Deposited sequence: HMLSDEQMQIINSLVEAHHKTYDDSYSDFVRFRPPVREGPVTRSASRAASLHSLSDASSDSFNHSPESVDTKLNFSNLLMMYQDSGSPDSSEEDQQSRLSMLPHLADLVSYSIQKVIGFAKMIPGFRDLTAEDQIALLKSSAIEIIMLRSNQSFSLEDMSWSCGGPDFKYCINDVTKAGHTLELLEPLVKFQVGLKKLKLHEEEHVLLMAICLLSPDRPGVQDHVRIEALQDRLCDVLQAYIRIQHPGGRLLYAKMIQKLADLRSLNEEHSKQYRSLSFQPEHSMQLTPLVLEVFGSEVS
């Protein structure tokens, strides 16, 4: 058995969308407020996350069907999944060798301790790193990684979504494309689809914790003033 031309088109469009929104040279990192290793890493991490939100918007806009949704559903999907898409996409810079995210030089090498310097606790950081390890160990094909981000983004079970039927139909088409890809293109991937669905569940707990910790930081005007307008709009509750 094989995939249809429609399924092939979806994969090509998603891989193309990712290549357009993910820069392997990390050359834009020099434009952020520099990393400083109280809450010394906050300016750099805020600019890194703000930059990554723009990329996620860019990728989302190229997901087939996403642009056809109302502006409000697109916002609802983006607002609640952006941190999850960032966590998923960050896996491409994550290394099992040093348990850190390496984006070129040691300048842009992020460890747990650095994230602690933006105000985060081990309550988020330890499960984040365990998630990164587990996902890296899945050794996902670029096609799978890209399908997983798009599946995550198109979850109809998010607060504020209106056209739940349309979104769930878009996500299902993507899950079928994923199941068929693993089966046809991934040897030894018999248990893979299920493992990927579990990673999406893990992401909900990470999102939950991140939201709590962001709420705590953002409440203090001395730290909130260090954020960017886009971060305030996306992670903010003013929906």
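Stretches with no C-alpha position, numbering per deposited sequence from 1: Gaps vs deposited seq, in order: 38 to 97, 300.
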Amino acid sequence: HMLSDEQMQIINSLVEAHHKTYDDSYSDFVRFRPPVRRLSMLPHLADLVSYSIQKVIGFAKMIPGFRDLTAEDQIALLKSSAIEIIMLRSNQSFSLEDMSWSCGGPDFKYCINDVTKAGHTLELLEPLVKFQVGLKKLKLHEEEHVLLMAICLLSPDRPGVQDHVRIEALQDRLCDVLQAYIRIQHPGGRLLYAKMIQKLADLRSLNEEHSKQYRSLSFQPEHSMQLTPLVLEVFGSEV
From here on, numbers count along this sequence of modelled residues.
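Whichever C-alpha set is largest while still superposing within 1.5 Å between the two forms counts as the rigid core.
Say the other structures are aligned on the rigid core; which stretch then has the higher CA RMS in 7 other deposited structures of this protein, 105 to 113 or 77 to 85? Of 105 to 113 and 77 to 85, the stretch deviating more in 7 other deposited structures of this protein is 105 to 113.
According to the deposited model, is the average Cα temperature factor higher in 201 to 209 or in 174 to 182? On average, C-alpha B-factors are higher across 174 to 182.
On average, which has the higher Cα B-factor in the deposited entry, 81 to 89 or 67 to 75? Mean CA B-factor is higher for 67 to 75.
Quick one: which of 55, 37, 61, 31 has the biggest Cα B-factor according to the entry? Result of the comparison over 55, 37, 61, 31: 37.
Using only the C-alpha B-factors in the record, can you name which of 146, 169, 103, 118 has the highest? The C-alpha B-factor peaks, among 146, 169, 103, 118, at 169.
How does residue 222 rank on Cα B-factor within its chain, lowest, middle or highest third? Its C-alpha B-factor belongs to the highest third of this chain's values.
Select lowest, middle or highest to describe the third in which the CA B-factor of residue 196 falls within its chain in this entry. Middle third of the chain for residue 196's C-alpha B-factor.
Assigned third (lowest, middle, highest) for the C-alpha B factor of residue 216: It belongs to the middle third of the chain when residues are ordered by C-alpha B-factor.
CA B-factor placement of residue 96, once the chain's modelled residues are sorted into thirds: It falls in the top third of the chain.
Sort the modelled residues of this chain by their C-alpha B factor and say whether residue 9 lands in the lowest, middle or highest third. For residue 9, whose C-alpha B-factor we compare with every modelled residue in the chain, the answer is the highest third.
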